[PDB]
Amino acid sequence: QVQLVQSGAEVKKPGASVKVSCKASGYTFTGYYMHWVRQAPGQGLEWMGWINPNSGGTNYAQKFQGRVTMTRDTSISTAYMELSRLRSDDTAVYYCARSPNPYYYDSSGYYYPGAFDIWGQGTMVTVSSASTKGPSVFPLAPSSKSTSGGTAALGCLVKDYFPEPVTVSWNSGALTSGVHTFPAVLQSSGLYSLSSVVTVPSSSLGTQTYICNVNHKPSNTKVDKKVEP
């Protein structure tokens, strides 16, 4: 159907620039405005501006003028957002979102204030002087101290990585039910740490193998760790 797909997570040093893409599919690209909205971790939504994919005209929020550039490639129905001179408080998830333009394009000098009816999945952008680092993965072994009434808890500790995010799956994606992957916490070392746990029947702890699959793309780190009692 209709979706917006954005590029992968980015890591940049302060002062550098970043460019996020937004590929549109399922509708007429030039028919709808394309907005960019960002969200800092645990914070609200902040509108950055829009581009008219048909004319190329733009409207940037005051806060980003002289810093932000919005462009598009009609032939591949992709919108682009480039933020320059990044600071640490530019660390956020960057969404693209479309709004209807019924006046496409038999008019000009007038913006139709439509709602943002379709949003991209978002792109995490971290701005830090810190070095990119792959995680160490340690098992959280199941035992009697992790059993209750026929169910057992086990998991993986994904420790000392930078930056966000990591993806954690279990048994190459086969195991999905009863999984809790916790929000990462930022340690005093400046490195992230995260745990993923799974509650399974204790009767299977001898006859079933459990491996957590950790993928930290910003450092090209892929680790599989077998979790044994």
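In case it trips you up, residue 1 is the first one in the sequence shown, and so on.
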Higher-scoring stretch by recorded Cα B factor average, 168 to 176 or 34 to 42: 168 to 176
Stretch exceeding the other in mean C-alpha B-factor - 197 to 205, 47 to 55: 197 to 205
From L83, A115, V93, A141, residue of greatest CA B-factor: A141
Member of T126, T151, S99, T123 with the greatest C-alpha B factor (per the PDB record): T151
Relative C-alpha B-factor of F162, binned into the chain's lowest, middle or highest third: middle
For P135, the third of its chain into which the C-alpha B factor falls: middle
Assigned third (lowest, middle, highest) for the C-alpha B factor of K13: middle
Entry-reported Cα temperature factor of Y27, expressed as the chain third it lands in: middle
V214 by Cα B-factor - lowest, middle or highest third of the modelled chain: middle
